Amino acid sequence: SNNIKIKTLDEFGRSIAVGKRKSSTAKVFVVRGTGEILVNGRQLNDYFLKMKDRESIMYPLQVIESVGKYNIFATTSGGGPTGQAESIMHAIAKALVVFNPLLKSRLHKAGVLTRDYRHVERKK
Amino acid sequence: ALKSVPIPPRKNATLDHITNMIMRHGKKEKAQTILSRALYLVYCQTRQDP
Amino acid sequence: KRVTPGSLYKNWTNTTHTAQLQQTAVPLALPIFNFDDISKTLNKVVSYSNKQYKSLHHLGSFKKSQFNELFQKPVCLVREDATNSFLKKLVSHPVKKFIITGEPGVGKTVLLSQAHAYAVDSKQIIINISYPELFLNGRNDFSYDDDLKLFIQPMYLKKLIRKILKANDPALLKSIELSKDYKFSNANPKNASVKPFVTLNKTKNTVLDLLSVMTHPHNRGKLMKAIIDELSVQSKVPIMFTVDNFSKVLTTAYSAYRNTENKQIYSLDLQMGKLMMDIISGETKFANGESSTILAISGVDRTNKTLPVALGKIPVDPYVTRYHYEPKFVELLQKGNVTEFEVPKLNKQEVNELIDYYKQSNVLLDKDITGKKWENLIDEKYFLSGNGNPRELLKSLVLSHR
Amino acid sequence: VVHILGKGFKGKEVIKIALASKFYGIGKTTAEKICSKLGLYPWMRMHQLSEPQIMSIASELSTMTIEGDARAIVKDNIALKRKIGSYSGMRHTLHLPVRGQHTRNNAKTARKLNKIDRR
RNA sequence: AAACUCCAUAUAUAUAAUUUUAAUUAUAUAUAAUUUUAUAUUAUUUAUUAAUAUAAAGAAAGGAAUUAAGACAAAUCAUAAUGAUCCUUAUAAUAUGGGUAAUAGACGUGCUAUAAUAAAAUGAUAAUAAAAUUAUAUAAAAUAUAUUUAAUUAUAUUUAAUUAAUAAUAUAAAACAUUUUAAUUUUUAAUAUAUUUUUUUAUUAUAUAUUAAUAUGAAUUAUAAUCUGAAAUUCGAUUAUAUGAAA
Ligand SMILES: Nc1ncnc2c1ncn2[C@@H]1O[C@H](COP(=O)(O)OP(=O)(O)OP(=O)(O)O)[C@@H](O)[C@H]1O
Ligand SMILES: [K+]
Ligand SMILES: [K+]
Ligand SMILES: [K+]
Ligand SMILES: [K+]
Ligand SMILES: [K+]
Ligand SMILES: [K+]
Ligand SMILES: [K+]
Ligand SMILES: [K+]
Ligand SMILES: [K+]
Ligand SMILES: [Mg+2]
Ligand SMILES: [Mg+2]
Ligand SMILES: [Mg+2]
Ligand SMILES: [Mg+2]
Ligand SMILES: [Mg+2]
Ligand SMILES: [Mg+2]
Ligand SMILES: [Mg+2]
Ligand SMILES: [Mg+2]
Ligand SMILES: [Mg+2]
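Protein sequences, first through last, are from chains I, G, W and M. For the first sequence, PDB author numbering gives the first residue as 140, with consecutive numbering after it. For the second sequence, PDB author numbering gives the first residue as 100, with consecutive numbering after it. For the third sequence, PDB author numbering gives the first residue as 49, with consecutive numbering after it. For the fourth sequence, PDB author numbering gives the first residue as 2, with consecutive numbering after it.
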């Protein structure tokens, strides 16, 4: 038989997904809201100083034009600012598919559902 | 509603190319700051889109 | 020379501040700031009045790195949760001693500028210390006064006294007749060699005359003590004493100045430090009951346990080293009953108003106006600004070319 | 130009930095103590000094071991090494490194400067 | 041979009484791709086709190992081992000290630097890592001195915890913000001035030399102190004050 069980929102209406980039990992909680984001309990502008990192986090929501329709509670650890910001980006994209599985094709086409494989390679 | 909306562009190709040419040693943030500050000064003297 | 009369030779932050780049901005007609009619300007972008702009420029209310050059003159959003809330407490609270806090770039300086604008309208005398670092960095002269037992800073005091004279209405200053007779040494280059001293008799001369006394650098500390005493004894005019970037004072207990034993001088051994903390602690009491003391912190300064403990946000930890905890400042702040007012972040509706003003000012890029729905822009800029930070909002709009 | 004990200084030069730059034997720490002792504020510049203050600097500088006196102490310590016949003294005489440096390569600065009558 | 593999990656199951906590993890087992399908175009050996694009599905994009033959009679008798030949009161063995660190020139490989798209300070409810190490140990916090309120840095005193998913080495750093920065009169100061006030403008003073070495650079050298060791002279490391070369 198959090993895939339909993903569904939890008891509090939250979609939980994990993402990885380089050495970083991110676990995000997406719920329907008004665009409030918290990264490790801190404001987005506090945790991520680079605007390009903030723009990466927003991109999946910008693809489905739902930037003001969800509250994101992102928790990230490991690597640096870029790995964490893009790991959160990847995790938000995977968590948005539960709210509307018809938008998976658009998320895949934008490239936010593809796990970036590049990592530091020991010189050979 | 989304079927007829083009996927928004991840980045500007020209600005990204200019930024990487300015950048050295992987210090992209400094390169982006220099370009953004320069383009901010162009807007403040021409009052057009830099 | 390599530098021509109009060449932009400074760095970017100073060029934007000093290069007069607002000249090309488009004149817009905005309502005027008036707290007595806030109902008509609440949640709307307003310019200041002509009388307020003149006073606030002389006080140093507007600072560099505030994107003021984008607009013809500096503008402010009259907010309900920040501007209206704070100004109502200032008019009602009996103590009227506040310290404005909040995350870096949240708008603490703009709030203080709106309190200065209110004071100008409400016929008050404003004493502002915009950049306390100037009397703590050791870049101006200092001298020890035996009669005051304090280190006076003549160069700094000369600038401060002129700011108090040029920023405040002469009529208010003239109304305050002097309570004591004062004698100073004459430094006026016209009659200095004819008149050894200049006398200010009581009930005849005013505080306006006192602020125009040209004295020698060694007697300028005694002139600052007279001005403060005269303003603290009179009950006619309320005195609003303000200090921006007060976090610098709390975190720099020892100035860069060194005494004759090569020992750094404690900040409370300077007249500026002693005077500032005497007004905050309550040692210097003002007769008028509408006098206030509004302090504001800045995110450019380091943080430590001093301010949080003084505000009651954390318990006192006695084993914290003095470099991260100054118990003397905590005692002074708690003796003055200073209360905290945290500036809240912007809500999405306030972001909408600011972005609608920016569109009319022609400061928005073409990628945010053409092919983008207005609702999408507001949602995106509210997300990219950290859910309300005004400074991150402006940067996302005018300083993000990626 | 401000002249202190013969040395000439450009007006804009910071006093604490200028003193440690033109006077042999005075470094950053020593210069700061002189300025602190004379009541000069940390970032005061030479053009600001008055003639009474220029004389005060010369007085404090004349009560220290600087210039010839300081240079003589080094020349006399080096001469003592040669007089006692220590290995280090011979290195100074031969214009060779005196602190264990290899000589198969490099050793160019020791060749130009190592000498009994060291500058 | 290639593949079949192993690693990485994605997913599933199992394990943890979720205080050895990182469950955003650990590591056992299993699955997955050497991707697949549809359509148009251009070529073809024109058909059940390749090159292309377009659409759809997908996390899927990278690596290692994987053996046969020959040559240079290429390196190694100094990792150890073998034959021949030579030494056997010495070409074997031990101790003390010295040398391998010498210095004309030359060569290879590195480090640091020659300033403003770049260096220096400061950033305590402490921005953000990974992989390793600790019974022939890793050493916390505190205190004392350099040394100044304190911090920082170095060492001493003392020796908490941990022989470890537990405690320690160890608050990563750059980043980012503020301040500062010679050449540079592009500065600073004294007056006056301003609706640029951390700032503008005006008038005076602010040097001379100068193709040049500064508040760049840190070689060389003096003195004092410290660390390891039984021992730091030839010939070790660190710190402070002073010295400040070439570039
Ligand atoms: N009410 C407002 N209306 C318009 N602009 C505002 C308002 N409040 C803040 N801003 C803008 O936000 C930016 C930051 O404002 P401000 O300097 O007052 O912040 P701050 O918290 O005092 O900053 P810091 O922590 O650096 O001292 C500026 O560009 C300012 O013009
Ligand atoms: K010197
Ligand atoms: K040697
Ligand atoms: K060599
Ligand atoms: K856990
Ligand atoms: K040896
Ligand atoms: K540099
Ligand atoms: K770390
Ligand atoms: K030099
Ligand atoms: K030795
Ligand atoms: Mg501020
Ligand atoms: Mg050979
Ligand atoms: Mg050798
Ligand atoms: Mg941390
Ligand atoms: Mg310790
Ligand atoms: Mg840190
Ligand atoms: Mg740093
Ligand atoms: Mg240097
Ligand atoms: Mg040269």
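The beta-carbon is built from N, C-alpha and C at its ideal position, and this holds for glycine as well.
Close beta carbons around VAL141/G, own chain, < 6 Å, minus the five adjacent residues each side: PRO149
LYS420/W: contacting residues in chain I (beta-carbon distance under 8 Å): Result: empty, since nearest Cβ-Cβ is about 10 Å, beyond 8 Å.
Cross-strand partners of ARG160/I (DSSP beta bridge): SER163/I
Neighbourhood of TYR314/W by C-beta, 7 Å cutoff - its chain only, sequence neighbours within 5 removed: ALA301, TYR302
Bridge-paired residues (DSSP) for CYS124/W: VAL94/W
Listed by chain order, chain G residues near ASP414/W by CB distance under 7 Å: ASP148
Option in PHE389/W, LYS415/W, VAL93/W with minimal Cα separation from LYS137/W: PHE389/W
Neighbour-count burial assignment, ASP192/I, 16 or more Cβ in a 10 Å radius: buried
Cutoff 7 Å: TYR25/M Cβ touching any chain W Cβ: no
Where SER195/I falls, given that 16 or more other Cβ within 10 Å makes a residue buried: buried
Inside the stretch 96 to 177 of chain W only - alpha helix (DSSP H) runs reaching at least 4 residues: 98 to 107, 133 to 140, 156 to 169
Rounded C-alpha distance that separates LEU138/G from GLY347/W: 26 Å
Residues, ordered as in the chain, of the stretch 104 to 136 of chain G that lie near chain W by beta-carbon distance below 8 Å: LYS110, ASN111, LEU114, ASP115, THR118, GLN131, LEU134, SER135, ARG136
Proximity to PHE187/I [Cα-Cα], best of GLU440/W, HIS449/W, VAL446/W, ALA235/W: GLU440/W
Residues sharing a beta bridge with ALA100/G, DSSP: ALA100/G is not bridged to any residue.
Cutoff 7 Å: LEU69/W Cβ touching any chain G Cβ: yes
Bounding residues of the beta strand (DSSP E) (the contiguous stretch that carries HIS116/G): Taken as a continuous stretch (DSSP letters only), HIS116/G belongs to no beta strand (DSSP E), being part of the alpha helix (DSSP H) at 112 to 121.
Residues that DSSP places opposite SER205/I in a beta bridge: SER205/I is not bridged to any residue.
C-beta neighbour in chain W for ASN239/I, strict 7 Å: no
Same chain only: Cβ atoms within 6 Å of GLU14/M, ignoring 5 sequence neighbours per side: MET47
heavy atom of ligand 2 below 6 Å from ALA21/M C-beta: yes
heavy atom of ligand 3 below 6 Å from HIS96/M C-beta: no
Identity of the residue in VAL3/M, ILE5/M, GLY26/M, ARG92/M nearest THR66/M by Cα: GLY26/M
Under 9 Å from the C-beta of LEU242/I: neighbouring residues of chain G: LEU101
Proximal chain G residues relative to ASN410/W, where beta-carbon distance stays under 8 Å: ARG146
Residue from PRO438/W, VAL446/W, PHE431/W with nearest C-alpha to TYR198/I: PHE431/W
Pair within 7 Å by beta-carbon distance, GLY152/I and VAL167/I: no
At least 3 beta-carbon pairs within less than 8 Å: the stretch 159 to 171 of chain W vs the stretch 332 to 352 of chain W: yes
Chain-order list of residues whose beta-carbon lies under 6 Å from that of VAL357/W (same chain, five-residue window excluded): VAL364, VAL378
Bridge partners - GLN312/W, DSSP secondary structure assignment: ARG306/W
Pair within 7 Å by beta-carbon distance, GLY186/W and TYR305/W: yes
Opening and closing residue of the beta strand (DSSP E) in which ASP193/W lies: 191 to 193
Cβ contact (3+ pairs, closer than 8 Å) linking the stretch 83 to 102 of chain W and the stretch 112 to 128 of chain W: yes
Nearest neighbour of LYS429/W, chosen from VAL386/W, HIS264/W, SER448/W [CA to CA]: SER448/W
Closer than 8 Å at the beta carbon, the chain G residues around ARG245/I: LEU101, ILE106
CA nearest to the CA of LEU78/W, picked from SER339/W, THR351/W, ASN98/W: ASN98/W
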